[PDB]
């Protein structure tokens, strides 16, 4: 089934590297197609014939429970657009070990591996990693920073849409994330480009391959296609307080006599600061609890109220024609990635991600907990001590003070809130352009509203 072939494919690649090195084949010799074919064939026969011991990270009880869950509850994905396919990956946050996965509805009927093989746009699940996480890390925004959701157009002249909405006005990062508004993410990524932030540095540290970083829609998953396993590794990094561990299924390959062919070597990388990661955890907690883009917390509270009280964070995504839905879930111990869609890229129902995938993934997390009662953990995500806490205006997301509005000095006062920052100095004093993005017209409207309240 999926685990047999995924494991064999990875073991064959590791055996290929081992045999080439053993036989002293140069990097140049390895470029020769005939030599590669020979070593791929030799690697396959060595595994087939050779009595190697392959040690995996798979938790057999958990993986078996995940197979039973998709067998029993996969039908909950069927939304009237034909049989819906599915991929899930369960990853240990502290190691990057893959404990179990779902490759699809039924290997016997369709062998396509939707956990490791299928690549689709991650849509809005890109935003925490590529936009907000980097902006916070770079000290360009904090937890209560204000962003423009005023109407604006892409470079191609098309309005940036959110379902049928061309936008609203200013909003907090929390509102932007809970709803997954698109315009704020557009402005955030534009700010990173304008500031010459090495976004590629962050994304490549987590193993993402993105061909063009200048794509305006990158934060909405334009110009990016990922496997469930790779994308689960991105969320692993945020959950693990910003420290990436490379995903893996194989821990070791030994000969019969115990010679080591291959052994996974941990290379932990601090991709985001602990401050950044722990701020993002707090924001993604509210994404699920707000229940705006997913019913997951309602589904899970009914199935397993005790497990629903574990410290869940996560994020949804929907591609623009409903071809792909994503739900990424973490507790401090584990990350579970989930994709649904059709092999031929035809549309799902409008609610497929909001309701169906949320209900299926609530069943999947419950099945995992029933197989391994302690595996999700009862630990909480918590702000790192290095987090800077700033008292800022609710209105501007910046510290109270005076600003020139229509040429006149205005004392900007009002309700304050604690804003969490990952820099040294925290939030700046309020400036006229207090938000991420916005036109002059947007700022005229925003300030007219704010001045009205003083």
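Residue numbers count along the first chain shown, from 1. We call the rigid core the largest set of C-alpha positions that still match within 1.5 Å between the two forms.
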- Message: Root mean square C-alpha distance from this form after a core fit in 4 other deposited structures of this protein: higher for 318 to 326 or for 83 to 91?
- Response: 318 to 326
- Item | Greater mean Cα temperature factor according to the PDB record, 360 to 368 or 160 to 168 | 160 to 168
- Query: In the PDB record, does 126 to 134 or 261 to 269 carry the higher mean Cα temperature factor?
  - Reply: 261 to 269
- Query: What third of the chain, by the recorded C-alpha B-factor, contains residue 58?
  - Reply: middle
- Message: Going by the CA temperature factor in the PDB record, which third of the chain does residue 182 belong to: lowest, middle or highest?
- Response: lowest
- Task: Within this chain's modelled residues, let me know which third the CA B factor of residue 87 belongs to: lowest, middle or highest.
- Result: lowest
- Item | Where the record places residue 338 (Cα B-factor, split into thirds across the chain) | lowest
- Query: By the record's CA B-factor, is residue 155 among the lowest, middle or highest third of residues in the chain?
  - Reply: highest
